[PDB]
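Asks:
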Amino acid sequence: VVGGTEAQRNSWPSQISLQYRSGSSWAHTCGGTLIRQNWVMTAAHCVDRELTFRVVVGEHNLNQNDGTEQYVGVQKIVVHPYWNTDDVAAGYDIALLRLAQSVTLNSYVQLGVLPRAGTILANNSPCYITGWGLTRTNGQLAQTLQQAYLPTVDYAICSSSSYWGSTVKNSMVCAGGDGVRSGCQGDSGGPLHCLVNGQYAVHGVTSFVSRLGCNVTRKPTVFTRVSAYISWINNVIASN
Ligand SMILES: [Cl-]
Ligand code: NA
Numbered sequence: 001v002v003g004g005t006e007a008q009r010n011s012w013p014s015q016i017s018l019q020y021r022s023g024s025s026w027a028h029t030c031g032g033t034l035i036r037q038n039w040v041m042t043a044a045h046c047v048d049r050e051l052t053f054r055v056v057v058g059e060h061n062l063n064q065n066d067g068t069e070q071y072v073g074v075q076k077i078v079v080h081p082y083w084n085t086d087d088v089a090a091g092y093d094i095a096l097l098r099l100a101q102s103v104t105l106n107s108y109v110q111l112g113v114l115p116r117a118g119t120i121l122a123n124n125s126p127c128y129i130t131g132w133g134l135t136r137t138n139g140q141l142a143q144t145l146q147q148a149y150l151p152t153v154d155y156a157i158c159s160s161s162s163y164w165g166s167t168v169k170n171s172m173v174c175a176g177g178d179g180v181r182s183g184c185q186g187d188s189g190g191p192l193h194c195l196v197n198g199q200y201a202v203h204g205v206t207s208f209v210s211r212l213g214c215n216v217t218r219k220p221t222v223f224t225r226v227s228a229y230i231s232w233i234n235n236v237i238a239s240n
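When the count follows PDB author numbering, it moves up by one through the sequence shown with no breaks and lands on 240 for the last residue.
1) Please report the distance separating the alpha-carbon of residue 168 from that of residue 139.
2) Enumerate, from N- to C-terminal direction, the unbroken alpha helix (DSSP H) stretches of 4 or more residues contained entirely within the stretch 8 to 53.
3) Taking residue 2 as the reference, give the member of 149, 47, 90 and 10 with the closest Cα.
4) Would you check if there are 3 or more beta carbon pairs closer than 8 Å linking the stretch 213 to 229 to the stretch 52 to 65?
5) When DSSP labels each residue in this structure, what does residue 180 get in the three-state scheme?
6) Would you kindly work out how many angstroms separate the C-alpha atoms of residue 238 and residue 55, rounded to a whole number?
7) Tell me whether residue 212 is buried or exposed, calling it buried when 16 or more other Cβ atoms sit within 10 Å of its Cβ.
8) Per DSSP, which residues does residue 225 bridge with? Please list them.
9) For residue 167, which of helix, strand or coil comes out of DSSP?
10) Could you have a look at residue 142 and say whether DSSP puts it in helix, strand or coil?
11) Starting from residue 194, trace the beta strand (DSSP E) in both directions and tell me its first and last residue.
12) What I want to know is whether the C-beta of residue 126 ends up closer than 7 Å to one or more non-hydrogen atoms of ligand 1.
13) With three or more beta-carbon pairs closer than 8 Å as the criterion, would you say the stretch 105 to 124 touches the stretch 218 to 235?
14) Report back the beta-carbon spacing between residue 103 and residue 72 to the nearest angstrom; my notes put them in contact at under 8 Å.
15) Applying the criterion that 16 or more other CB atoms from any shown protein chain within 10 Å of the CB defines a buried residue, is residue 191 buried or exposed?
16) Assuming residue 236 is part of the alpha helix (DSSP H), what are its boundary residues?
17) Would you say the beta carbon of residue 193 is closer than 7 Å to some non-hydrogen atom of ligand 1?
18) Does the distance between the C-beta of residue 50 and the nearest non-hydrogen atom of ligand 2 fall short of 7 Å?
19) I need the DSSP call for residue 94, collapsed to helix, strand or coil.
20) Is there contact here, the stretch 193 to 200 with the stretch 122 to 138, by at least three beta-carbon pairs under 8 Å?
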């Protein structure tokens, strides 16, 4: 997250860190949202590589013992069947991870609430992106979870020529684009949390930023629209 602030330890308990084994250590690569005690929702492009992955729930600082983490291996991966890694603009950037163990819930570990199917936020709806992604374009990952306030940009505006043009689809949510704050590499797969009727719900799964930079004016962060996949999610969990 570029232009973010440090999140309080218990603000976003459904946020997880998706990590891969690197030598004798684990490296954060993407965020995710805990949606069942043994299921995580993340971006399909985060699991394109055939690596060993683990999820960390109750994570706040990637580099220091928080006293609250639960480390759980990824046992099964279900990528959306229409995902194509060389066509992120087509959409379908979503995948579900079944965990090897069911995590224990508490104030640092909770399930993310998803929006009702088909829900589309009005332009400029207030939302927060959260993640440990780069804090600057071509920078480094954050040590502590960051949050940034990114209002939605509706399809009509987001798909206009000065914004994302034909690249954005109605199956995505755009947010931000002010040139100061945005998601960045390493935030992919994580949540876009938006307050609706007094409750936050996870409306987006971070998918991509501009090749020209993370925080680029009129290039809002683009997320997979969670509300377009409610039936898909329910169907995968019911058959797995
Ligand atoms: Cl949360
Ligand atoms: Na930690």
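Backbone N, C-alpha and C define an ideal beta-carbon position, used for all residues, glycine too.
Replies: Taking the definition as stated:
1) Your numbering for residue 168 matches position 168 in the sequence shown. Your numbering for residue 139 matches position 139 in the sequence shown. Rounded to the nearest angstrom, the two C-alpha atoms are 26 Å apart.
2) You should have found no qualifying run.
3) Counted from its first residue, the sequence shown places residue 2 at position 2. When C-alpha distances from residue 2 are compared across 149, 47, 90 and 10, the shortest belongs to 149.
4) Here the stretch 213 to 229 makes no contact with the stretch 52 to 65; the two share fewer than three CB pairs at distances below 8 Å.
5) Along the sequence shown, read from residue 1 onward, the residue named residue 180 stands at position 180. Of the three classes helix, strand and coil, the one that applies to residue 180 here is coil, per DSSP.
6) Translated into positions along the sequence shown, residue 238 becomes position 238. Translated into positions along the sequence shown, residue 55 becomes position 55. One C-alpha to the other measures close to 21 Å.
7) In the sequence shown, counting from the first residue as 1, residue 212 sits at position 212. Around the C-beta of residue 212, fewer than 16 other C-beta atoms lie within 10 Å, and the residue is accordingly described as exposed.
8) Translated into positions along the sequence shown, residue 225 becomes position 225. By DSSP's assignment, residue 225 forms a beta bridge with 204.
9) Locating residue 167 in the sequence shown gives position 167, where the first residue counts as 1. Three-state result, residue 167: helix.
10) Your numbering for residue 142 matches position 142 in the sequence shown. Coil, per DSSP.
11) The residue labelled residue 194 in the question sits at position 194 within the sequence shown. Per DSSP, residue 194 is one residue of the beta strand (DSSP E) stretching across 191 to 196.
12) Sequence index remark: in the sequence shown, residue 126 carries index 126 (1-based). No, since every heavy atom of ligand 1 falls outside the 7 Å radius drawn around the Cβ of residue 126.
13) Under the three-pair Cβ rule at 8 Å, the stretch 105 to 124 counts as touching the stretch 218 to 235.
14) In the sequence shown, residue 103 corresponds to position 103, counting from 1. In the sequence shown, residue 72 corresponds to position 72, counting from 1. At roughly 6 Å, the Cβ-Cβ gap stays under 8 Å, so residue 103 and residue 72 are in contact.
15) One-based indexing of the sequence shown puts residue 191 at position 191. Per the 10 Å Cβ criterion, buried.
16) Position 236 of the sequence shown holds residue 236. Residue 236 -> alpha helix (DSSP H) spans 230 to 239.
17) Here the question's residue 193 lines up with position 193 in the sequence shown. Indeed, a heavy atom of ligand 1 lies less than 7 Å from the Cβ.
18) Counting from one through the sequence shown, the residue named residue 50 turns up at place 50. Checking the Cβ of residue 50 against ligand 2 gives no.
19) Along the sequence shown, one-based indexing puts residue 94 at 94. In the structure shown, residue 94 sits in coil (DSSP, three-state: anything other than H, G, I, E or B).
20) They touch, by the three-pair rule.
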